[PDB]
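Colleague: Before anything else, here's the structure in question.
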Amino acid sequence: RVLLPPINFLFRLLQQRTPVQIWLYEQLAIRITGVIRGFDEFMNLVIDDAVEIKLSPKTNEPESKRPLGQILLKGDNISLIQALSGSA
Amino acid sequence: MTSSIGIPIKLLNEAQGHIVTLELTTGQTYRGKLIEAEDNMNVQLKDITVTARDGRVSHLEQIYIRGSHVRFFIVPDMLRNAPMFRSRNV
Amino acid sequence: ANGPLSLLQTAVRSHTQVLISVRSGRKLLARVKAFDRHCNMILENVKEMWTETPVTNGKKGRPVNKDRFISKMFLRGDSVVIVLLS
Amino acid sequence: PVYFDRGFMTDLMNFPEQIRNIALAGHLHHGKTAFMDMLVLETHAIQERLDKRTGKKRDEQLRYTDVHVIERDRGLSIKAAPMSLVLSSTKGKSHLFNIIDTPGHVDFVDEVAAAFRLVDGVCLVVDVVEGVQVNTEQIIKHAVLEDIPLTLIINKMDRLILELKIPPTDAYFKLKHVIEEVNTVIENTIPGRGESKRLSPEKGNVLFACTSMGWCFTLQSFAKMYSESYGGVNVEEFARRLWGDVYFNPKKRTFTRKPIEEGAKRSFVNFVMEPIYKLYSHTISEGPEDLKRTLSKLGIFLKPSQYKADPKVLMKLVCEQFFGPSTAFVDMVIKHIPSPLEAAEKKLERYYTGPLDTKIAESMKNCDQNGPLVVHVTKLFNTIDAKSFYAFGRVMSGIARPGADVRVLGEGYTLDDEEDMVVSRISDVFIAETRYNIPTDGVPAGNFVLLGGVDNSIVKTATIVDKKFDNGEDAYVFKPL
Amino acid sequence: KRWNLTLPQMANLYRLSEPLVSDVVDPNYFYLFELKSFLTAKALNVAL
Amino acid sequence: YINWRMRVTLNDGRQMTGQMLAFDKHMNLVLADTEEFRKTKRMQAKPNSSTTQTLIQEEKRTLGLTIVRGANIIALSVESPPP
Amino acid sequence: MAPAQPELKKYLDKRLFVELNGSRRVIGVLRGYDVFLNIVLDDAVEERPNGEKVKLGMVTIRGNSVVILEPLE
Amino acid sequence: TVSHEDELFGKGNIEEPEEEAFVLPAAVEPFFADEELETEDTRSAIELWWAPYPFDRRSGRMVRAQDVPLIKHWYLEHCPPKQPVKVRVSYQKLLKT
Amino acid sequence: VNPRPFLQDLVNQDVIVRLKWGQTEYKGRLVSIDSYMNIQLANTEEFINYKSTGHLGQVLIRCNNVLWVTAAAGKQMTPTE
Amino acid sequence: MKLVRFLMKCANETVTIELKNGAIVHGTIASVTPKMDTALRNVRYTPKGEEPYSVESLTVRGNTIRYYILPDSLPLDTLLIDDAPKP
Ligand SMILES: Nc1nc2c(ncn2[C@@H]2O[C@H](COP(=O)(O)OP(=O)(O)OP(=O)(O)O)[C@@H](O)[C@H]2O)c(=O)[nH]1
Ligand SMILES: [Mg+2]
């Protein structure tokens with residue numbers, strides 16, 4: 001068994017350029033979709049091609065799309081980071 | 001200045017193996033056998049009968065609870081007489 | 001000196017009025033007497049205003065902006081939403 | 001005066017999860033009573049009255065559990081010796097240890113056998129110089145054949161520094177030789193099954209101690225104090241990398257099988273034995289100022305009048321500052337020796353003559369505090385005036401209480417023959433500390449008890465049960481020693 | 001009334017005392033030649 | 001001020017009173033023979049009076065030996081000297 | 001003193017249940033952790049109060065969002 | 001059946017596997033790594049450790065000059081071999097005293 | 001791109017401050033930044049709920065009250081449909 | 001410069017304390033900790049809309065405070081001198 005550090009996972013995302021989905025901190029309907037550009041020891045996320053997704057309050061489907069681009073997201077607001085596996 | 005473990009965390013380390021009841025700030029109450037404890041109040045428990053304010057009575061086995069999300073433990077009375085509460089004369 | 005907090009030093013060096021929005025939903029207007037790296041500030045000539053909706057006989061009334069004058073102020077850092085140097 | 005609360009210790013008996021019943025056994029003059037002395041001096045405030053002592057008498061070993069006048073005059077133990085102590089682990093949890101100090105002379109091994117009936121585990125104390133001796137072989141063979149769990153305490157480590165005066169690599173080879181001698185005797189007792197019952201320092205069931213200077217450690221506790229002194233160190237991995245043919249490469253910082261780096265030392269020699277050798281050498285070899293700076297470089301600080309003390313007293317103070325208390329011994333016994341529940345199941349399987357599917361056997365298997373009283377008495381201790389005896393045994397069910405109506409059952413008692421049975425009366429319950437007796441009104445199941453007034457019918461061993469079992473059930477006897 | 005001495009001083013004093021200092025290190029040297037055995041032999045009217 | 005009998009205000013407005021035994025740098029309190037005191041603002045409407053009586057009713061609980069975290073403490077108040 | 005690694009050694013290669021703030025649930029086999037307990041999992045499924053399943057793949061979860069762990073086995 | 005060394009590396013690896021590859025923190029040092037194993041006063045220290053009383057001490061109380069028996073251990077020890085009868089009798093009479 | 005050089009490259013250029021509550025954004029020029037990445041920013045003008053609320057001036061923004069900060073090079077902040 | 005030392009210098013002053021949850025405290029300062037917690041005497045405490053009560057002492061822990069109102073006669077400029085040693 002080999003351990004996987006979360007910083008190693010972030011580095012793997014950075015070198016693979018896999019897009020990620022970020023939930024906001026107890027904003028259950030608000031997410032950010034984008035390809036990772038950089039991170040630090042405080043996991044502050046420099047994100048590229050990022051779009052803001054607002055979910056419906058009744059059934060949690062994406063309601064609005066807000067393209068935003070390159071963002072330094074604060075490390076204190078990440079709830080979960082999903083590695084969006086593209087259909088290759 | 002070595003980081004001395006506080007007397008409350010020492011009492012929590014004494015409380016492992018006993019039956020403790022934890023009240024969280026996220027609303028859950030657990031009654032269970034404290035298996036594992038840390039210096040930053042992360043606790044692993046076994047028996048955990050569950051009781052919340054909305055009445056979520058349930059029973060299950062094994063849990064890890066982080067120390068930031070908890071309010072307070074209740075520990076057995078006999079742990080009051082632990083050796084840490086007697087003043088070592090220096 | 002060279003960081004953002006230097007504007008508070010500029011507030012110290014000029015004694016100008018500063019509008020502070022706090023996490024309680026209130027607003028402050030005061031002259032900066034002292035500050036630190038931790039953004040804990042001491043203020044003088046302080047006028048603090050806020051907005052409240054009085055509920056009269058179970059009916060939500062119109063929002064009213066009221067205020068209070070405080071001579072000496074010790075405002076603590078983390079509750080501040082934002083600082084405006086006017 | 002003790003450093004714990006006796007009421008807290010009586011509270012600790014009502015918990016057969018964290019209790020350990022162990023016997024200290026070994027060859028003659030290998031350091032069992034000195035290990036008990038270390039534990040007593042950790043738990044009792046008696047060092048003040050030992051320092052009011054002059055002449056050759058202040059150079060005497062304390063020998064707390066040697067109380068017979070024969071024991072005092074001959075300088076060796078002739079009787080088994082029980083104590084109950086509150087000892088703390090590394091994490092800070094206090095446990096109750098019920099420890100029997102057995103004699104080490106061969107002629108008195110029957111006392112050892114009596115202790116081996118009552119304990120959950122055996123700590124075998126082996127002197128590092130003499131190694132395994134004939135009584136060590138006898139104790140190993142008996143404890144293995146009776147399926148008693150076994151731990152190893154290598155004693156008298158200071159001799160390797162102060163008597164043999166051998167370099168630390170040769171001290172490692174001497175330690176490994178003694179450990180493999182113990183494992184060789186264990187394997188020779190049961191051929192093919194010695195891998196399950198194997199003592200090795202990387203397994204955590206081997207303790208290195210010097211009981212004259214009152215210190216002990218495992219590899220886990222020594223890696224733990226490295227982690228405390230530095231931080232970021234994983235204790236269990238560093239501990240399992242501190243024994244064997246494992247060499248540390250300091251520029252590569254890597255543990256290998258061979259010294260791939262020039263001048264690399266063995267990991268146990270590099271990290272453990274050379275610090276202890278240098279601690280001894282610099283403590284006994286340096287003046288007060290040089291020793292003060294040397295000990296201050298490791299955070300060790302003595303009182304200013306203690307740096308000019310005699311070298312043995314100074315060495316003891318420096319050792320107790322460096323190694324600390326006996327938490328490593330507590331960790332070893334907690335991890336490698338079972339609670340009275342598991343050992344109670346094994347004990348009822350091995351030495352009980354009645355059926356195991358009955359209710360009283362379920363009370364004895366679960367160490368039930370609220371069940372009917374069953375005590376297995378294997379020892380008799382004379383009083384101060386030697387008019388009568390106290391019966392020392394193990395409460396395995398119920399609570400031993402003063403003023404209790406009981407049936408003492410001899411070795412010849414059966415169902416068809418009730419000839420060897422006497423109805424008697426328990427008068428006072430004691431916790432035995434072998435120099436004082438704590439008067440108690442109750443001792444729960446799975447614990448050691450010293451009863452008065454039930455001695456007359458006991459010849460060698462006995463089974464003390466209640467006058468009547470509330471389910472209407474017959475009683476049986478334990479097997480003889 | 002009280003003295004304390006360093007290691008070189010005690011070593012020098014021990015080296016200067018070698019005409020009149022004991023060379024016995026093992027107490028086992030005094031087996032059956034000590035006060036207790038002398039008193040026991042006195043009690044039994046025997047001589048070691 | 002060790003062992004002085006004290007009352008503690010909790011984050012959710014509850015009270016935690018009893019015999020304190022210990023505290024640390026993070027203001028976490030070991031508190032013996034603890035009584036938890038809870039207040040609820042009940043609207044006790046009498047069948048004869050149309051005005052619903054606003055009363056902050058008081059309810060009790062016993063816990064014994066407790067250990068409260070300093071991240072949820074608000075204020076520390078004196079209850080009584082030790083008996 | 002730096003924070004020690006949390007005692008997650010028993011939970012390697014185990015399907016676990018994670019209760020997160022906002023009453024979110026994440027069910028997945030453990031992959032690894034750090035000294036802060038940011039937790040990386042494989043085969044992650046998100047669960048909402050309505051009771052449906054969302055496929056995620058292998059993900060990471062912030063430590064301050066982590067509230068409760070629970071072994072399924 | 002399996003060794004401690006052929007559990008840490010693997011049969012004849014003579015190296016930790018690089019997938020696990022445990023490494024100590026760079027700050028971690030042996031407890032007295034800079035200090036020498038011995039000192040020029042260490043042979044004398046061990047020699048004085050085994051010296052008879054009072055030479056194994058380094059502090060004490062002062063005694064009367066007549067309270068120091070300089071030759072008492074001569075007759076508290078076994079007599080040398082091949083003495084005259086008068087010397088042996090003197091040894092035994094000092095023992096008697 | 002590491003975060004500290006990323007915000008060092010956005011000094012004295014058009015920046016959006018997406019705050020953390022109240023649906024508030026600020027448009028202006030990022031003047032100065034510390035190791036705690038607090039914000040001193042000039043020529044601030046403030047939008048709430050994607051509608052204009054007005055110009056303020058020289059503003060200190062504490063980083064804990066902020067969702068994030070981005071570059072505003074040709075980016076429109078009206079709610080897209 | 002740390003403002004905890006200025007909290008040390010303004011002891012024995014009758015102040016008003018506004019908390020992060022909303023309660024109001026008032027009375028004369030007994031002492032203040034280096035971790036900006038403060039114990040105060042001659043205390044009156046008003047919760048959210050219910051009846052205030054007075055206690056002889058109250059040790060309020062400082063992570064839940066919003067701000068203070070000091071007495072207007074406090075010589076702030078005299079307390080502004082730096083008595084801490086220069087490193
Ligand atoms: N060098 C050295 N000597 C020790 C040490 N511990 C004990 N001794 C000596 O070894 C002798 C052991 O005597 P005991 O304490 O009775 O040993 P025991 O294991 O109880 O053996 P029994 O008398 O048969 O029960 C004592 O005279 C001590 O002076 C030690 O750690 N180092
Ligand atoms: Mg003995």
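Residues are referred to by chain and number: the chain letter is A, B, ... according to the order shown in the structure tokens, the number counts from 1 in that chain, and ligands are numbered separately from 1 in the order shown.
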Select residues of chain A: the criterion is any atom within 8 Å of an atom of chain G, counting only C-alpha atoms; output as a VMD selection string.

Modeller: chain A and resid 3 to 6 9 25 to 26 28 78 to 85

Colleague: Output C-alpha atoms for every residue in that selection, as a CSV table (one decimal), in the first residue's frame.

Modeller:
```
chain,number,residue,atom,x,y,z
A,3,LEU,CA,-0.1,6.7,0.6
A,4,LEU,CA,-1.4,9.6,-1.5
A,5,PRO,CA,-0.9,13.0,0.0
A,6,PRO,CA,-3.5,15.6,-1.0
A,9,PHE,CA,-3.0,14.8,-5.7
A,25,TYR,CA,-17.9,26.4,1.9
A,26,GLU,CA,-21.6,25.9,3.0
A,28,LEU,CA,-24.3,24.1,-1.3
A,78,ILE,CA,-13.0,24.7,-0.7
A,79,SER,CA,-15.4,22.0,0.5
A,80,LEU,CA,-14.6,19.3,-2.1
A,81,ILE,CA,-12.4,19.1,-5.3
A,82,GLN,CA,-13.7,16.7,-7.9
A,83,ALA,CA,-11.3,15.5,-10.6
A,84,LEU,CA,-13.5,15.9,-13.7
A,85,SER,CA,-12.6,12.8,-15.7
```

Colleague: Excluding residue 262 of chain D and its own-chain neighbours fewer than 3 positions away, which residues fall within 10 Å of it when counting only C-alpha atoms? Please give them as a count of residues only.

Modeller: 4

Colleague: Please identify all polymer residues within 9 Å of residue 348 of chain D, counting only C-alpha atoms, omitting same-chain residues fewer than 5 positions from it, and present them as an MDAnalysis selection string.

Modeller: chainID D and resid 343 353:354 356 361 364:365 478

Colleague: Might you pull out every residue within 12 Å of residue 85 of chain J, with only C-alpha atoms counted and same-chain residues fewer than 3 positions away left off, and present them as an mmCIF file with N, CA and C atoms, in the first residue's frame?

Modeller:
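Writing done, so here's result-v3.cif:
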```
data_model
loop_
_atom_site.group_PDB
_atom_site.id
_atom_site.type_symbol
_atom_site.label_atom_id
_atom_site.label_comp_id
_atom_site.auth_asym_id
_atom_site.auth_seq_id
_atom_site.Cartn_x
_atom_site.Cartn_y
_atom_site.Cartn_z
ATOM 1 N N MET J 1 4.047 46.768 16.756
ATOM 2 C CA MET J 1 3.522 47.000 18.096
ATOM 3 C C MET J 1 2.200 46.267 18.304
ATOM 4 N N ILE J 81 3.036 55.525 24.661
ATOM 5 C CA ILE J 81 4.487 55.371 24.704
ATOM 6 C C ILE J 81 4.831 53.887 24.680
ATOM 7 N N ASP J 82 5.933 53.549 24.014
ATOM 8 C CA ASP J 82 6.359 52.160 23.885
ATOM 9 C C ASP J 82 7.360 51.842 24.989
#
```

Colleague: List as a count of residues only the protein and nucleic acid residues near residue 65 of chain A, meaning an atom at most 9 Å away when only C-alpha atoms are counted, but skip any in the same chain fewer than 6 places from it.

Modeller: 7

Colleague: Enumerate residues in contact with ligand 2: an atom-to-atom distance of at most 9 Å, counting only C-alpha atoms and all ligand atoms. Format the result as a PDB file with N, CA, C and O atoms, in the first residue's frame.

Modeller:
```pdb
ATOM      1  N   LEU D  24       6.768 -11.215  37.885  1.00  0.00           N
ATOM      2  CA  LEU D  24       8.168 -10.963  37.568  1.00  0.00           C
ATOM      3  C   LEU D  24       8.975 -12.196  37.949  1.00  0.00           C
ATOM      4  O   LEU D  24       9.063 -12.540  39.132  1.00  0.00           O
ATOM      5  N   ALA D  25       9.572 -12.854  36.958  1.00  0.00           N
ATOM      6  CA  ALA D  25      10.275 -14.103  37.212  1.00  0.00           C
ATOM      7  C   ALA D  25      11.622 -14.098  36.509  1.00  0.00           C
ATOM      8  O   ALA D  25      11.797 -13.455  35.474  1.00  0.00           O
ATOM      9  N   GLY D  26      12.571 -14.833  37.077  1.00  0.00           N
ATOM     10  CA  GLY D  26      13.897 -14.900  36.497  1.00  0.00           C
ATOM     11  C   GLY D  26      14.839 -15.681  37.385  1.00  0.00           C
ATOM     12  O   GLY D  26      14.433 -16.282  38.380  1.00  0.00           O
ATOM     13  N   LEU D  28      18.218 -16.238  39.931  1.00  0.00           N
ATOM     14  CA  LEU D  28      18.626 -15.642  41.196  1.00  0.00           C
ATOM     15  C   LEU D  28      19.463 -14.388  40.971  1.00  0.00           C
ATOM     16  O   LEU D  28      20.417 -14.398  40.186  1.00  0.00           O
ATOM     17  N   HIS D  29      19.079 -13.308  41.660  1.00  0.00           N
ATOM     18  CA  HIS D  29      19.793 -12.026  41.667  1.00  0.00           C
ATOM     19  C   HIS D  29      19.899 -11.419  40.270  1.00  0.00           C
ATOM     20  O   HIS D  29      20.934 -10.870  39.888  1.00  0.00           O
ATOM     21  N   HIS D  30      18.820 -11.518  39.496  1.00  0.00           N
ATOM     22  CA  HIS D  30      18.768 -10.933  38.164  1.00  0.00           C
ATOM     23  C   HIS D  30      18.002  -9.615  38.116  1.00  0.00           C
ATOM     24  O   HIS D  30      17.984  -8.969  37.065  1.00  0.00           O
ATOM     25  N   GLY D  31      17.373  -9.204  39.216  1.00  0.00           N
ATOM     26  CA  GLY D  31      16.834  -7.860  39.312  1.00  0.00           C
ATOM     27  C   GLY D  31      15.324  -7.729  39.338  1.00  0.00           C
ATOM     28  O   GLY D  31      14.790  -6.703  38.911  1.00  0.00           O
ATOM     29  N   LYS D  32      14.617  -8.753  39.823  1.00  0.00           N
ATOM     30  CA  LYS D  32      13.162  -8.657  39.915  1.00  0.00           C
ATOM     31  C   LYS D  32      12.736  -7.743  41.060  1.00  0.00           C
ATOM     32  O   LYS D  32      11.861  -6.880  40.886  1.00  0.00           O
ATOM     33  N   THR D  33      13.357  -7.904  42.232  1.00  0.00           N
ATOM     34  CA  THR D  33      13.031  -7.049  43.368  1.00  0.00           C
ATOM     35  C   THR D  33      13.505  -5.623  43.139  1.00  0.00           C
ATOM     36  O   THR D  33      12.886  -4.680  43.632  1.00  0.00           O
ATOM     37  N   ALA D  34      14.572  -5.438  42.362  1.00  0.00           N
ATOM     38  CA  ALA D  34      15.008  -4.090  42.021  1.00  0.00           C
ATOM     39  C   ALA D  34      14.075  -3.423  41.013  1.00  0.00           C
ATOM     40  O   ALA D  34      13.887  -2.203  41.064  1.00  0.00           O
ATOM     41  N   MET D  36      10.836  -4.067  41.021  1.00  0.00           N
ATOM     42  CA  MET D  36       9.768  -3.684  41.937  1.00  0.00           C
ATOM     43  C   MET D  36      10.145  -2.441  42.737  1.00  0.00           C
ATOM     44  O   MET D  36       9.292  -1.593  43.013  1.00  0.00           O
ATOM     45  N   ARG D  63      14.816  -3.069  48.391  1.00  0.00           N
ATOM     46  CA  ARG D  63      14.216  -4.407  48.449  1.00  0.00           C
ATOM     47  C   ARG D  63      12.875  -4.386  49.188  1.00  0.00           C
ATOM     48  O   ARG D  63      12.713  -4.960  50.266  1.00  0.00           O
ATOM     49  N   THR D  65       9.799  -5.546  48.579  1.00  0.00           N
ATOM     50  CA  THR D  65       8.983  -6.744  48.702  1.00  0.00           C
ATOM     51  C   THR D  65       9.712  -7.912  49.348  1.00  0.00           C
ATOM     52  O   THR D  65       9.162  -9.016  49.399  1.00  0.00           O
ATOM     53  N   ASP D  66      10.927  -7.703  49.839  1.00  0.00           N
ATOM     54  CA  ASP D  66      11.607  -8.682  50.677  1.00  0.00           C
ATOM     55  C   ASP D  66      11.370  -8.265  52.123  1.00  0.00           C
ATOM     56  O   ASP D  66      11.946  -7.280  52.592  1.00  0.00           O
ATOM     57  N   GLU D  71      14.541 -13.361  54.302  1.00  0.00           N
ATOM     58  CA  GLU D  71      14.780 -12.564  53.103  1.00  0.00           C
ATOM     59  C   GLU D  71      15.743 -11.417  53.382  1.00  0.00           C
ATOM     60  O   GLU D  71      16.605 -11.108  52.553  1.00  0.00           O
ATOM     61  N   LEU D  76      18.165 -12.556  49.641  1.00  0.00           N
ATOM     62  CA  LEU D  76      17.456 -13.075  48.483  1.00  0.00           C
ATOM     63  C   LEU D  76      16.003 -13.318  48.862  1.00  0.00           C
ATOM     64  O   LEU D  76      15.658 -13.431  50.040  1.00  0.00           O
ATOM     65  N   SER D  77      15.153 -13.395  47.844  1.00  0.00           N
ATOM     66  CA  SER D  77      13.730 -13.621  48.060  1.00  0.00           C
ATOM     67  C   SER D  77      13.456 -15.110  48.226  1.00  0.00           C
ATOM     68  O   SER D  77      14.006 -15.937  47.494  1.00  0.00           O
ATOM     69  N   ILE D  78      12.613 -15.448  49.200  1.00  0.00           N
ATOM     70  CA  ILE D  78      12.184 -16.826  49.409  1.00  0.00           C
ATOM     71  C   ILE D  78      10.692 -17.014  49.194  1.00  0.00           C
ATOM     72  O   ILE D  78      10.237 -18.164  49.102  1.00  0.00           O
ATOM     73  N   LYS D  79       9.915 -15.937  49.112  1.00  0.00           N
ATOM     74  CA  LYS D  79       8.468 -16.018  49.010  1.00  0.00           C
ATOM     75  C   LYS D  79       7.990 -15.167  47.845  1.00  0.00           C
ATOM     76  O   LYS D  79       8.657 -14.212  47.438  1.00  0.00           O
ATOM     77  N   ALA D  80       6.832 -15.533  47.304  1.00  0.00           N
ATOM     78  CA  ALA D  80       6.159 -14.683  46.333  1.00  0.00           C
ATOM     79  C   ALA D  80       5.707 -13.393  47.004  1.00  0.00           C
ATOM     80  O   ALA D  80       5.452 -13.350  48.208  1.00  0.00           O
ATOM     81  N   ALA D  81       5.621 -12.328  46.216  1.00  0.00           N
ATOM     82  CA  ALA D  81       5.373 -11.029  46.825  1.00  0.00           C
ATOM     83  C   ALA D  81       4.449 -10.168  45.973  1.00  0.00           C
ATOM     84  O   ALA D  81       4.879  -9.631  44.950  1.00  0.00           O
ATOM     85  N   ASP D 101       6.149 -10.510  42.575  1.00  0.00           N
ATOM     86  CA  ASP D 101       7.595 -10.655  42.529  1.00  0.00           C
ATOM     87  C   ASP D 101       7.927 -12.053  43.042  1.00  0.00           C
ATOM     88  O   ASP D 101       7.760 -12.340  44.232  1.00  0.00           O
ATOM     89  N   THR D 102       8.367 -12.917  42.147  1.00  0.00           N
ATOM     90  CA  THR D 102       8.706 -14.285  42.487  1.00  0.00           C
ATOM     91  C   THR D 102      10.170 -14.389  42.886  1.00  0.00           C
ATOM     92  O   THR D 102      10.990 -13.552  42.499  1.00  0.00           O
ATOM     93  N   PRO D 103      10.535 -15.391  43.683  1.00  0.00           N
ATOM     94  CA  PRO D 103      11.954 -15.615  43.974  1.00  0.00           C
ATOM     95  C   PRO D 103      12.702 -16.121  42.751  1.00  0.00           C
ATOM     96  O   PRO D 103      12.118 -16.583  41.769  1.00  0.00           O
ATOM     97  N   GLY D 104      14.025 -16.030  42.828  1.00  0.00           N
ATOM     98  CA  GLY D 104      14.862 -16.415  41.712  1.00  0.00           C
ATOM     99  C   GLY D 104      15.763 -17.588  42.024  1.00  0.00           C
ATOM    100  O   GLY D 104      16.381 -18.158  41.122  1.00  0.00           O
ATOM    101  N   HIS D 105      15.853 -17.952  43.300  1.00  0.00           N
ATOM    102  CA  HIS D 105      16.572 -19.161  43.669  1.00  0.00           C
ATOM    103  C   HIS D 105      15.779 -20.378  43.216  1.00  0.00           C
ATOM    104  O   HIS D 105      14.545 -20.373  43.234  1.00  0.00           O
TER     105      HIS D 105
END
```

Colleague: Write down as a PDB file with N, CA and C atoms, in the first residue's frame the residues belonging to segment 6-90 of chain B that are assigned helix (DSSP H, G or I) by DSSP computed on the backbone.

Modeller:
```pdb
ATOM      1  N   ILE B   7      -4.017  19.854  30.960  1.00  0.00           N
ATOM      2  CA  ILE B   7      -4.719  18.930  31.860  1.00  0.00           C
ATOM      3  C   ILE B   7      -6.040  18.428  31.287  1.00  0.00           C
ATOM      4  N   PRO B   8      -6.882  19.243  30.615  1.00  0.00           N
ATOM      5  CA  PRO B   8      -8.056  18.650  29.939  1.00  0.00           C
ATOM      6  C   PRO B   8      -7.731  17.586  28.901  1.00  0.00           C
ATOM      7  N   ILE B   9      -6.703  17.804  28.080  1.00  0.00           N
ATOM      8  CA  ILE B   9      -6.341  16.806  27.079  1.00  0.00           C
ATOM      9  C   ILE B   9      -5.750  15.572  27.761  1.00  0.00           C
ATOM     10  N   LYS B  10      -5.051  15.768  28.882  1.00  0.00           N
ATOM     11  CA  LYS B  10      -4.579  14.641  29.681  1.00  0.00           C
ATOM     12  C   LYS B  10      -5.742  13.824  30.235  1.00  0.00           C
ATOM     13  N   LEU B  11      -6.803  14.498  30.691  1.00  0.00           N
ATOM     14  CA  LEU B  11      -7.984  13.795  31.186  1.00  0.00           C
ATOM     15  C   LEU B  11      -8.698  13.057  30.060  1.00  0.00           C
ATOM     16  N   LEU B  12      -8.699  13.637  28.858  1.00  0.00           N
ATOM     17  CA  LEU B  12      -9.251  12.941  27.698  1.00  0.00           C
ATOM     18  C   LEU B  12      -8.435  11.700  27.359  1.00  0.00           C
ATOM     19  N   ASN B  13      -7.109  11.784  27.506  1.00  0.00           N
ATOM     20  CA  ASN B  13      -6.261  10.609  27.320  1.00  0.00           C
ATOM     21  C   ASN B  13      -6.509   9.564  28.400  1.00  0.00           C
ATOM     22  N   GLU B  14      -6.837  10.001  29.619  1.00  0.00           N
ATOM     23  CA  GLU B  14      -7.257   9.070  30.664  1.00  0.00           C
ATOM     24  C   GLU B  14      -8.580   8.399  30.325  1.00  0.00           C
ATOM     25  N   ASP B  77     -17.138   9.664  36.631  1.00  0.00           N
ATOM     26  CA  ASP B  77     -16.900  10.436  37.848  1.00  0.00           C
ATOM     27  C   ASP B  77     -15.542  10.077  38.450  1.00  0.00           C
ATOM     28  N   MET B  78     -15.159   8.796  38.375  1.00  0.00           N
ATOM     29  CA  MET B  78     -13.929   8.312  39.006  1.00  0.00           C
ATOM     30  C   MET B  78     -12.677   8.979  38.439  1.00  0.00           C
ATOM     31  N   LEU B  79     -12.732   9.440  37.184  1.00  0.00           N
ATOM     32  CA  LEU B  79     -11.628  10.174  36.573  1.00  0.00           C
ATOM     33  C   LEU B  79     -11.359  11.517  37.240  1.00  0.00           C
ATOM     34  N   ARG B  80     -12.275  11.994  38.088  1.00  0.00           N
ATOM     35  CA  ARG B  80     -11.998  13.145  38.943  1.00  0.00           C
ATOM     36  C   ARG B  80     -10.806  12.881  39.856  1.00  0.00           C
ATOM     37  N   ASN B  81     -10.650  11.640  40.321  1.00  0.00           N
ATOM     38  CA  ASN B  81      -9.569  11.287  41.231  1.00  0.00           C
ATOM     39  C   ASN B  81      -8.292  10.875  40.505  1.00  0.00           C
ATOM     40  N   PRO B  83      -4.478  11.049  38.983  1.00  0.00           N
ATOM     41  CA  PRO B  83      -3.259  11.612  39.594  1.00  0.00           C
ATOM     42  C   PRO B  83      -2.887  13.000  39.096  1.00  0.00           C
ATOM     43  N   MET B  84      -3.412  13.435  37.947  1.00  0.00           N
ATOM     44  CA  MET B  84      -3.107  14.767  37.437  1.00  0.00           C
ATOM     45  C   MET B  84      -3.743  15.873  38.271  1.00  0.00           C
ATOM     46  N   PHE B  85      -4.796  15.566  39.024  1.00  0.00           N
ATOM     47  CA  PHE B  85      -5.491  16.561  39.825  1.00  0.00           C
ATOM     48  C   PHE B  85      -4.927  16.681  41.232  1.00  0.00           C
TER      49      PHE B  85
END
```

Colleague: I want to know what sits within 8 Å of segment 15-29 of chain I, based on only C-alpha atoms, with residues of the same chain fewer than 5 positions away left out; could you give that as a list in words?

Modeller: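 Close residues of segment 15-29 of chain I: residues 10, 41, 42, 43, 44, 45, 46, 47, 48, 49, 50, 65, 66, 67, 68, 69, 70, 71, 72 and 73 of chain I.
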
Colleague: May I ask for the distance between atom CA of residue 342 of chain D and atom CA of residue 86 of chain D, given in Å to one decimal place?

Modeller: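 That distance, rounded to one decimal, is 21.2 Å.
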
Colleague: Excluding residue 46 of chain C and any residue of its chain fewer than 6 positions from it, enumerate the residues within 9 Å of it, using only C-alpha atoms, and give them as a count of residues only.

Modeller: 10

Colleague: May I ask for the distance between atom CA of residue 238 of chain D and atom CA of residue 253 of chain D, given in Å to one decimal place?

Modeller: 12.3 Å

Colleague: At most 10 Å is the cut-off: for each residue in segment 24-64 of chain J with any atom that close to an atom of segment 14-38 of chain F, write down the nearest atom pair and the distance in Å rounded to one decimal, counting only C-alpha atoms, chain first then increasing number, as JSON lines.

Modeller:
```
{"residue": "J:35", "atom": "CA", "partner": "F:25", "partner_atom": "CA", "distance": 9.0}
{"residue": "J:37", "atom": "CA", "partner": "F:27", "partner_atom": "CA", "distance": 9.7}
{"residue": "J:61", "atom": "CA", "partner": "F:27", "partner_atom": "CA", "distance": 8.1}
```
